[PDB]
Ligand code: CLA
Ligand code: CLA
Ligand code: CLA
Ligand code: CLA
Ligand code: CLA
Ligand code: CLA
Ligand SMILES: CC1=C[C@H](O)CC(C)(C)[C@@H]1/C=C/C(C)=C\C=C/C(C)=C\C=C/C=C(C)\C=C/C=C(C)\C=C/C1=C(C)C[C@H](O)CC1(C)C
Ligand code: SF4
């Protein structure tokens, strides 16, 4: 398990979790309060 | 060191040393370098001391307002009530506020840089009274009540000052989504607590679940 | 006109960077501490040190010309279309369509290349046949350099 | 002893070198009159892949 | 002509992989190596790997023509709607007259059948209009890699490392420019991808919107 | 108003563009049945389109002769004519986020280089440390001026030069 | 030396047998490290203790509904009770989230640092509010002296876990045989007792 967690700490995997967060956050930020252009 | 903001196991690194209102609360570690920790300490005081004397004008007066003794306006619209008065003092107030504070504050700014640095003949004849005991706690400004040896009445100054800094942030936020004054907001939480809150009525969260 | 000016600035700044580098790093680089001994124009210093192909200052000028042509292209594409809409009377063509790239491909390039391409048709030939022939002649010479 | 001590860090002053104004450990020093006796080892590689090079007395100076 | 040439590039690489007159010992250098050196007037792209890297562009060019032949021939002479009086082909049977000229392949195939892709904005085929442009970007982007060399780039990174070093934010893994062999591979990849994806957009949008 | 631009509420082409974009959906809506899912999808798009146009008008935007909204960049004209949210305020929002990425990556680089084998820490990250710094960077401007006024931000001629 | 989930299988090295409810069951090699193992035993118990506390609430109501009392199904109970309540939704949530953040956070820092909450800061309580073990506190949460004996405390830990694993399996049952039958759990029981051979999962019209 120590080696599995180490594999998960590689660059390709940590980047995959980052991408799901940033993309998931932005798509969710467009789904709610739809299509923003001016900021109030 | 006074008790810890977390009761359990949040070891602070540089706050074990002596300081006022030390509860070990610095997650972001903005007080590591001692030179600027010395600067942020004075900032907590000027914000603390100023915020408290400000909160009274909102608090001591609006209590008398809700009871009906006086007909003063609320703080969210006190500014637009002054200048339409016939005998008024239109906005040369922003600049005079800066010309007057600029004289005092730079005298305070040059004290933190050079403590006790007020020359002999610089002011007319009161050069001696302007010298201070410590940074943030001068001598000749208070007339009584500063000769005790256990000087930490200061802890009262901070716990009261930090508290008021929460007040104005709550006054400003309450007065931006509730639309009413601070005391009027209090009379409602007492009359109907569960209905008037930040969740359901005060739109601080998008809660629309009608079922 | 705002986006076109900003695009130009990018071309002018990058073109200078390609040239300025070839000048200041002409005397020496960490990869080649003594360029000055070789000259302005040489092949490379070999496959060693990971590879040294296109280091000389001649190779910086070589790469800037591509950008130069790219920069003047934008500058010139912006002059022609903004003036055609003025001469044709329909200024609204540029203002609404120049904000997105497909307008440049649809309304400027593809549209105005109709009378030209029909210079020599299978039915007949107009006076613009010499230009359509040259039109392709350029398209070909450009590819032979590749 | 002729030169710097074993295991001592030193800063380089060859303008040609990949390690210029950079620090490295002294691996060894020869005291037989060689022109470039001081052997130095760095962690970072050069462009070729070599992490050592023999420098001179005048070309090296104390750290930082 | 495009097949006999594509064989010349690959077959030459095979037979001259092990040894040649210019370089009697290639086998010791290996399968993929960029060059022996600037000597002999120049030895860059002499390996068998670099023959494959060249055969790809020809192979791609040869295959593209075998596709234009299928589209214009079948649109003009074969496909179409049958009416009471014969068949009405899509392009009116213009393969016989226009194809003999190169300008015909520019006018009647490109400048004509590109109307469905260009005018796709605002419809279900809008994705093909985007890919039509995106494919041109990746195609050109490859030219930076094929035309230039790893020397200019490795020096540029040094001036960038200075700024990253000046702020004490630099990678322990040293940055190094792409290898000569990789640079060539990166070119043909982005080159073929942009060259092939254009047709994939120029065909499906043309044909789905029939005629 | 300013620069010879009309507000989007008063413009005719702005409303012309609304009537056009809705007409496309109404024609597309005629094909399908009322209670079907394609009908619900298009009605939602109709609802969003009607909301996009009224919100841009309500926000005091400026539409030109073409009928599309234009943005203003000078903070003086933006603040004078109440157009600050367009560009002037988006600039501060981004800089706080951009600085956060820099202050975080700079700290992970410095701290891993204080230990043995920093090369391995780049390809195989210390995720507990990276998350710690990522949640400590909310007040990145304070630390920068703290580090600038102190002098531990910049290095001093201990860097490689080329000549 | 003890029973196992599959007789004859070699138990893992890290599962020595001291923990409560240890049968050598960890094929994914989770809780192989000490720190994660220290976290999971506390996660298992809260997932257990909440199951017992919740499932009993479902049986009590579903039995009272079958007897005649006015109790709704455990499903669609939060929807019909909020329609006619003086407490709006949102004021009820953040009364729960805010009140649990106190407890759930104090429990965390006893995990990261045992004996830390017994400093006496919280209302001058020191002997209580310090953990006896990881997930097993005492003093205040054990008013009856039912844990001051290691002989009777070690087997009680085995019963807390065995009646717990069983409990949070039952909650998965309620989810499943509700989606199939859309009836209460007790009603599904009396049907099986009425005609056991005919009414099973095979004849519900689902799962086939
Ligand atoms: C720190 C002092 C303080 C106090 C006593 C209050 C009190 C109140 N606020 Mg308030 N508020 C505050 C700060 C404060 N606020 C701040 C700093 C903000 C900005 C983040 C807000 C934003 C806010 C909104 C948006 C709304 C209220 C509302 C209300 C009222 C109903 C309760 C509620 O919604 O939950 C309060 C919700 C919060 C998120 C603040 C609670 C967190 C504080 C910091 C905890 C402090 C601990 C404890 C209470 C201190 C005791 C002090 C006491 C003995 C004097 C009530 C009179 C509602 C209203 O309309 O009034 C009728 C409402 O809609 N508040
Ligand atoms: C489409 C063709 C193309 C493109 C896009 C570029 C782009 C660029 N060139 Mg260039 N070049 C080209 C052709 C091209 N060149 C050709 C044919 C030659 C002659 C052979 C040169 C010779 C040349 C030289 C000598 C130099 C450049 C430089 C540059 C960079 C300048 C800085 C800049 O503009 O910031 C960026 C500009 C962009 C357009 C951004 C491109 C990336 C976009 C944003 C995509 C974003 C990624 C996105 C998330 C998709 C990723 C997914 C994928 C990874 C799977 C730039 C990125 C200069 C440089 O080094 O910069 C410092 C430089 O010195 N070029
Ligand atoms: C299964 C196929 C696969 C694919 C498509 C990739 C792709 C990639 N790997 Mg890789 N990897 C793989 C398998 C794969 N890997 C395997 C089997 C192993 C052995 C365990 C590794 C071990 C490995 C290591 C050790 C490293 C990579 C790295 C990389 C990236 C190259 C660095 C770069 O160009 O961006 C450059 C990036 C920058 C200049 C700034 C960072 C910004 C990035 C682009 C954001 C993160 C992108 C994100 C990962 C994209 C999502 C994943 C994507 C494939 C869908 C690249 C995206 C390198 C890397 O750092 O990954 C990013 C790297 O160090 N991989
Ligand atoms: C030998 C294989 C081969 C061949 C035959 C061609 C042929 C062609 N390619 Mg090319 N190409 C190839 C390989 C090949 N390609 C490869 C491997 C690649 C990279 C993968 C490319 C990439 C490529 C691109 C990017 C382009 C072409 C284009 C073209 C066309 C040029 C358009 C033209 O000039 O019209 C016909 C030319 C004429 C009518 C003029 C003829 C000039 C004559 C021969 C010279 C006469 C001079 C004069 C008489 C002397 C005067 C003397 C004095 C007394 C006045 C042409 C049909 C272009 C294209 O697609 O067309 C739109 C284009 O831009 N190709
Ligand atoms: C902490 C990481 C980091 C930091 C603090 C900086 C900081 C800086 N860079 Mg830079 N750079 C980085 C990473 C970083 N870079 C990477 C990964 C690359 C390879 C793509 C580059 C390529 C690069 C170039 C070509 C240039 C700079 C330049 C600069 C300077 C101007 C800002 C800029 O526009 O850069 C550009 C910004 C980017 C190219 C985006 C970088 C990609 C992401 C957004 C940042 C990476 C964050 C990291 C992966 C996250 C790790 C966090 C950790 C906790 C795990 C500035 C001081 C410019 C300069 O020289 O200054 C004058 C310049 O020309 N950088
Ligand atoms: C936790 C224990 C448990 C218990 C006591 C029951 C009991 C019951 N279930 Mg049920 N069920 C459970 C878990 C359980 N279920 C789980 C976890 C699921 C999801 C897979 C289901 C899915 C399910 C469906 C879909 C249906 C039932 C039905 C029924 C009833 C009739 C029996 C039948 O058709 O066999 C079905 C039995 C199973 C599918 C086996 C369930 C799996 C557990 C692990 C069985 C063993 C439990 C335990 C270890 C031993 C008993 C303990 C104790 C009584 C001695 C009966 C009251 C039916 C009904 O509505 O009755 C009319 C029906 O349609 N159940
Ligand atoms: C939120 C909210 C909302 C709702 O609505 C309402 C409520 C309930 C109210 C809430 C709030 C609360 C708070 C927070 C606060 C308050 C108060 C304070 C803290 C202070 C005052 C107040 C404070 C203060 C300090 C004042 C005063 C004091 C002082 C000392 C002064 C002066 C002096 C000095 C200097 C020194 C000298 O030698 C002497 C003398 C001269 C004597
Ligand atoms: S590929 Fe580059 S380094 Fe190799 S011989 Fe050619 S120019 Fe020189």
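Coordinate-derived values only; no laboratory data. Cβ: placed from backbone, ideal geometry, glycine included. Neighbour counts: every protein chain shown.
Need one number: convex hull volume per residue for region G:92-208, Cα atoms only, in Å³.
198 Å³
Can you give the translational diffusion coefficient of the protein assembly as shown in µm²/s, computed by Stokes-Einstein from the Kirkwood radius over Cα pairs at 20 °C and 1.002 mPa s?
Numbers: Rh = 39.4 Å.
Here the translational diffusion coefficient equals 54 µm²/s.
So if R0 is 60 Å, what FRET efficiency would residue G:187 and residue C:83 give, r being the distance between their Cβ atoms, rounded to the nearest 0.05?
Details: r = 83 Å, r/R0 = 1.39.
Calculated transfer efficiency: 0.10.
I need C:131, F:140, B:103 ordered by Cβ neighbour count within 10 Å, fewest first.
Ascending Cβ contact count within 10 Å gives the list B:103, C:131, F:140.
For residue F:65 and residue F:138, what does the FRET efficiency come to when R0 = 51 Å and r is the distance between their Cβ atoms, rounded to the nearest 0.05?
Calculated value: 0.65.
Between residue D:13 and residue E:165, how many nm apart are label points set 7 Å from Cα along the C-beta direction?
So the two model labels end up 1.8 nm from each other.
Nearest 10 degrees is fine. How inclined is helix G:185-194 to the longest principal axis of chain G, computing both from alpha carbons?
The angle comes out at about 60 degrees.
For chain G, divide the Cα radius of gyration by the Kirkwood radius and give the resulting Rg/Rh value with two decimals.
Working: Rg = 21.6 Å, Rh = 21.0 Å.
That ratio equals 1.03.
From the C-alpha coordinates alone, can you work out the Kirkwood hydrodynamic radius of region F:1-84, in Å?
Taking the inverse mean of 1/r over all distinct Cα pairs, region F:1-84 comes out at 14.5 Å.
Just to be sure I understand: if I project the alpha-carbon convex hull of chain F onto a plane and average over all orientations, what area do I get in nm²?
Mean projected area of the Cα convex hull: 19.2 nm².
Describe numerically, in nm with one decimal, the distance between label points set 7 Å from Cα along Cα→Cβ at residue C:130 and at residue D:43.
7.1 nm
Can you tell me the Rg and the Dmax, both Å, for the Cα atoms in chain A?
That works out to 15.9, 49 Å for Rg and Dmax.
What does the extension gain come out to for residue F:95 and residue F:126, with contour length at 0.36 nm per residue minus their alpha carbon separation? Write down the numbers at each step before the final one.
On the way: separation 31, 0.36 × 31 = 11.16 nm, distance 2.65 nm.
Between residue F:95 and residue F:126, full extension yields 8.5 nm more.
Rounded to whole Å, give me the distance from the Cα center of region B:20-72 to that of region E:142-186.
Value for the Cα centre distance between the two parts: 53 Å.
Restricted to Cα positions, what overall size does region G:70-109 have along the principal axes? Three whole-Å values, descending.
Rounded to whole Å, the extents work out to 42, 20, 13 Å.
Suppose each label sits 7 Å from its Cα in the direction of the beta carbon; what would the residue F:19-residue B:190 distance come out to in nanometres?
My value for the distance between the label points is 5.9 nm.
For F:66, A:35, B:62, which order do you get if you count the other beta carbons within 10 Å of each Cβ and list the fewest first?
Numbers: F:66 16, A:35 10, B:62 21.
Sorted ascending by nearby Cβ count, the order is A:35, F:66, B:62.
Dimensions of region B:1-111 along principal axes (Cα, Å, largest first)?
Ordered largest first, region B:1-111 gives principal extents of 60, 40, 19 Å.
Go ahead and estimate [θ] at 222 nm for chain E from helices alone: -39,500 (n - 2.57) per DSSP H run with n ≥ 4, summed, over the residue count, rounded to 500.
-19000 deg cm²/dmol
Along its principal axes, what span do the Cα atoms of chain E show, with the longest given first and each in whole Å?
For chain E, the Cα extents along the three principal axes come out at 75, 52, 23 Å.
Using alpha carbons only, what's the Rg to Rh ratio of region B:34-191 with Rh from Kirkwood?
1.04
Enter the angle in degrees (range 0 to 90, nearest 10) between the Cα long axis of helix C:2-24 and the first principal axis of the Cα atoms of chain C, meaning the one along which they spread out most.
Here the helix axis deviates by roughly 30 degrees.
Could the peptides F:90-100, E:177-187 be put in order, highest first, of the mean number of other beta-carbon atoms found within 10 Å of their residues? All intermediate terms of the calculation are to be shown ahead of the outcome.
On the way: F:90-100: 11.4, E:177-187: 18.5.
The densest-packed peptide leads the list: E:177-187, F:90-100.
Working from Cα positions, state the angle (0 to 90°, nearest 10) between the long axis of helix B:154-177 and the longest principal axis of chain B.
Approximately 30 degrees, to the nearest 10.
If you wrap a convex hull around the alpha carbons of chain D, what volume per residue comes out, as a whole number of Å³?
Values: hull volume 5.3 nm³, N = 64.
It is 82 Å³ per residue.
Choose one answer from E:170, E:99, E:112: the residue with the largest mean-square fluctuation in a GNM of chain E with alpha-carbon springs under 10 Å.
E:170
Find the percent of Cα-Cα distances in chain C that exceed 24 Å, and round it to a whole number.
Looking at chain C, the distances longer than 24 Å represent 56 percent of pairs.
Can you tell which of B:147, B:137, B:23 shows the greatest fluctuation in a Gaussian network model of chain B with Cα springs below 10 Å?
Per the Cα network of chain B with a 10 Å cutoff, B:147 tops the list.
Quick check: the distance between the Cα centres of chain A and region B:86-146, to the nearest angstrom?
Cα centroid to Cα centroid, the span is 52 Å.
Pick from G:11, G:34, G:72 the residue whose mean-square fluctuation is largest in a GNM of chain G, springs joining Cα atoms under 10 Å.
G:34
Convex hull volume of the Cα atoms in region E:37-127, per residue, in Å³?
186 Å³
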